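In what follows, every chain begins at residue 1, and chains take the letters A, B, ... in the order their sequences are listed. All values below come from the heavy atoms of this structure, side chains included, with hydrogens, waters and symmetry mates left out.
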Amino acid sequence: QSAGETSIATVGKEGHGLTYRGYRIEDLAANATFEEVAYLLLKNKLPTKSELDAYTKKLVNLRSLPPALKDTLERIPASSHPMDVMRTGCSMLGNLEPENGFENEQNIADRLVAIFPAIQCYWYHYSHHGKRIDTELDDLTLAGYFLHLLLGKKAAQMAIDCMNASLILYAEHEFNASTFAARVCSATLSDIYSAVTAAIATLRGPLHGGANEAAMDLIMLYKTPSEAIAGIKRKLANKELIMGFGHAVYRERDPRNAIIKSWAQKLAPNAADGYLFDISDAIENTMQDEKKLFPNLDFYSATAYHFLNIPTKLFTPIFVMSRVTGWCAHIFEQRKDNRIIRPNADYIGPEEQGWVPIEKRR
Amino acid sequence: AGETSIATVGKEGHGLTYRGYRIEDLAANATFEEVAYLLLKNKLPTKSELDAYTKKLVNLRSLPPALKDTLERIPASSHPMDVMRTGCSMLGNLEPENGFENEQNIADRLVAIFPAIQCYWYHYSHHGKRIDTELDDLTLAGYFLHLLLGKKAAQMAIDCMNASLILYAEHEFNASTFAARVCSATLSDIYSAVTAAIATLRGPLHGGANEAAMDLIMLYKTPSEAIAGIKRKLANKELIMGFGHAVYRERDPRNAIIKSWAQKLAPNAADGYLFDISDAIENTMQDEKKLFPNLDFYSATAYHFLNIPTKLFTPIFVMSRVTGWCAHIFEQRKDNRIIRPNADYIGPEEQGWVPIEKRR
């Protein structure tokens, strides 16, 4: 099912172990900041200390929302889907700060990575609470920044670390519905905001972007592990689809699950509803025992974010905040080797009809 | 890559049908609304059905105040196709689909309102005036020309426009249509899928051929200049917009229809000499490179003779193709199968970790 070529990221040869530009996800999630992996993805190398310092500072000074963008977010209703807010926010920024020539690629990517957390949170707070938040905050890290904008106070260190690792985990994942969309878009020589908007529009779909949101809803149905075992079996006998399990590509394991699971387990003890982790473990055991399926990244991602006090409806915009690095990376690559597979459709419609004038219809 | 019942180019790259009906019979006999109905509702409408539908779209021409507010804040220098992008996306925030049972209500709204989105932006950003979008014109083609130019157009102008919106309505799988399906394949809403198609159609390799053809045509004052100047572009390897096609072999059946309209319009246009320039270019492209003109070539002069500014050619593609797009989105939702794309990895092998202290 070959749609093209990438140097950016890979799942292993016998289906084992993820890498970004050759570096293991286990090493990245353990040892790197998100800024660092955005540098790897966007710039094609691991930054030195100096390079990281400068990059990290460049992004901190790109946290201003243009007046006409605020105007627009203030007019998106509270009831609108948070991913539609991202969609519009990106598109409108593109009207106000157009890419123009492609030599500005990197600067727009950097602007998007820096500002996406503010677009979501400014809309969230204005539309839900009538409050215009200050988005020009001094948080040194992007993980901390988001959590500061969202919760209104600087985050504890363990919270920063978890959020940071989650962003790394969601940054990039080869060809997938949304990254593909971004590449189809770039292959027509469209601007970078078009491509990212297209990808957001594609990620908005619950079969692609919203699995941890559905997994949180599911986990929260149950007070005890037993209830969850029994409730999952009822869903399986009723052939209902449980989100966060199995993957279109991997066949035994999702390398990112272990990392995110480790974090959820770490955050559980200092959480009001830390019992939800054991509910989740019970669900996992039951999906394995019954239909031999393993959890993907989205499953334990649900409890991690929840234990960070992130509202369930805001799970999906965080994927944009991370995966925008990967998208932009794939967009840069399409631009340099612009070949795309032309879609052709098999016709299964009617054969050439004789014209029927309107006076003779029914 | 997938299946469709919506349209096809004929078996050996000849001719074109929408749901079995020939483009020639559609352009000659049908209104755009009638053609939108065929694509969206999957049948040719009766008189009664077409009448109610035509009237339905006339009363879907109001822009919500919030959307106007947003259109007012897009600079005049913003690509008009980025305007359609944000307009579609924002309308989605304002009037969400909320369940696929509302599919048809939203598609009708998009088809009815896209002209107003473009023209309201355009006149505010370029002229500083807030136009009335709730005009009483009975036909969508004539509505767009009235909005754009500030007066009802002549019948010949309405007919041409109508024909052009029919010709652009749908054309199988293509970059833009495929993005609509890819988007729908994840169970995204209708506004997301359309917005993605617009973001894909924004690229000039796909959506801006007629604009590029107008720039080209315009380099030349006389036919003689056209011939020597194309010949210099050909000997320089570079390639000319509006010529050739991936699927068609001998001719693009939409070409003949649009060329006829351009030909009819030339005499009464200030600068109708541009047809003869186009005609000379076409002739040289046959003689030198055996290539035929595609829809986008004489679409250039047709729209130009309709007094459409060249930069505003591309949004017309959206006004027409939204019908095809929506058609494909409905069909994808009913048989939600799509090939999951894999890549061939051409990158580095597994690298050992380097602590930050240790780099360079």
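- Residues satisfying the salt bridge (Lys or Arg N to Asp or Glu O under 4.0 Å) criterion with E3(B), sequence neighbours excluded, are absent altogether.
- For the residue pair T200(B)/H206(B), the side-chain donor-acceptor check at 3.5 Å is not satisfied.
- For chain B, the nearby part of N344(A) is the backbone; its heavy atoms alone come within less than 4.5 Å.
- Note on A196(B), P355(B), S89(B): by heavy-atom pairs under 4.5 Å with chain A, the leading option is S89(B).
- For a residue to count as touching a neighbouring chain, one of its non-hydrogen atoms must lie under 4.5 Å from one of that chain's; by this rule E34(B) touches chain A with the side chain only.
- Considering only heavy-atom pairs separated by less than 4.5 Å from chain B, the leading option among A181(A), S186(A), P206(A), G354(A) is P206(A).
- Neither the backbone nor the side chain of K358(B) has a heavy atom closer than 4.5 Å to any heavy atom of chain A.
- Counting heavy atoms from C-beta outward, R73(B) and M92(A) have side chains that approach closer than 4.5 Å.
- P96(B) does not touch chain A: none of its heavy atoms, backbone or side chain, sits under 4.5 Å away.
- For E51(A), the part lying near chain B is the side chain, with the backbone staying farther off; criterion is any non-hydrogen pair under 4.5 Å.
- Contact of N174(B) with chain A is made through the backbone alone, with heavy-atom distances under 4.5 Å.
- Heavy-atom pairs under 4.5 Å with chain B were tallied for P350(A), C90(A), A187(A); the largest tally goes to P350(A).
- Here the side chain of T8(B) pairs no donor or acceptor atom with the backbone of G10(B) at under 3.5 angstrom.
- Residue contact with chain A, scored on non-hydrogen atoms closer than 4.5 Å, involves the side chain of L50(B) exclusively.
- Contact count against chain B (heavy-atom pairs under 4.5 Å) is highest for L28(A) among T19(A), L28(A), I8(A).
- For a residue to count as touching a neighbouring chain, one of its non-hydrogen atoms must lie under 4.5 Å from one of that chain's; by this rule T195(B) touches chain A with the side chain only.
- Between chain A and the options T70(B), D189(B), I339(B), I198(B), heavy-atom pairs under 4.5 Å are most frequent for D189(B).
- Nearest heavy atom pair, residue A32(A) against residue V37(A), reads CB-CG2, 4.2 Å.
- No donor-acceptor distance shorter than 3.5 angstrom exists from the side chain of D82(B) to the backbone of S78(B), with no hydrogens or angles considered.
- Comparing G4(A), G89(A), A68(A) by how many heavy-atom pairs each has under 4.5 Å with chain B, the most go to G4(A).
- Ranked by heavy-atom pairs under 4.5 Å with chain A, the first of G92(B), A7(B), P45(B), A1(B) is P45(B).
- No side-chain heavy atom of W355(A) sits less than 4.5 Å from a side-chain heavy atom of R22(B).
- Looking at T54(B) and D51(B), their side chains never bring a donor and an acceptor atom within 3.5 Å of each other.
- Heavy-atom neighbours of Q1(A) CD from other residues, nucleotides or ligands within 6.0 Å: above the threshold of 12.
- Only the side chain of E174(A) has a heavy atom closer than 4.5 Å to any heavy atom of chain B.
- Here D71(A) is the residue among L203(A), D71(A), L96(A) with the most heavy-atom pairs under 4.5 Å with chain B.
- For a residue to count as touching a neighbouring chain, one of its non-hydrogen atoms must lie under 4.5 Å from one of that chain's; by this rule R342(A) touches chain B with the side chain only.
- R19(B) touches chain A through its backbone: at least one of N, CA, C or O sits under 4.5 Å from a heavy atom, while the side chain does not.
- In this pair, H245(B) and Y248(B) present their aromatic rings tilted. The plane angle is within the 30 to 60° band.
- Heavy atoms closer than 4.5 Å to chain B are found in the side chain of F180(A), but not in its backbone.
- Using a 4.5 Å cut-off between heavy atoms, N336(B) touches chain A through its side chain atoms alone.
- For the pair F330(B) and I190(B), the minimum side-chain heavy-atom distance is below 4.5 Å.
- For the residue pair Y23(A) / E350(B), no side-chain donor-acceptor distance below 3.5 Å is found, with atom types taken as modelled.
- Among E72(B), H79(B), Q351(B), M81(B), the residue making the largest number of heavy-atom pairs under 4.5 Å with chain A is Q351(B).
- Top candidate by heavy-atom pairs under 4.5 Å with chain B, chosen from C185(A), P67(A), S178(A), is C185(A).
- Between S192(B) and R87(A), the side chains place a donor N or O and an acceptor N or O closer than 3.5 Å (distance only, hydrogens not considered).
- Note that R181(B) lies outside the cation-pi zone of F173(B), set by a 6.0 Å cut-off to the ring centre and a 45° limit from the axis.
- Ranked by non-hydrogen atom pairs under 4.5 Å with chain A, the options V194(B), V247(B), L44(B), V354(B) are led by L44(B).
- Within 6.0 Å of NZ in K43(B) there are more than 12 heavy atoms belonging to other residues, nucleotides or ligands.
- Across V182(B), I74(B), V83(B), the residue that shares the most heavy-atom pairs under 4.5 angstrom with chain A is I74(B).
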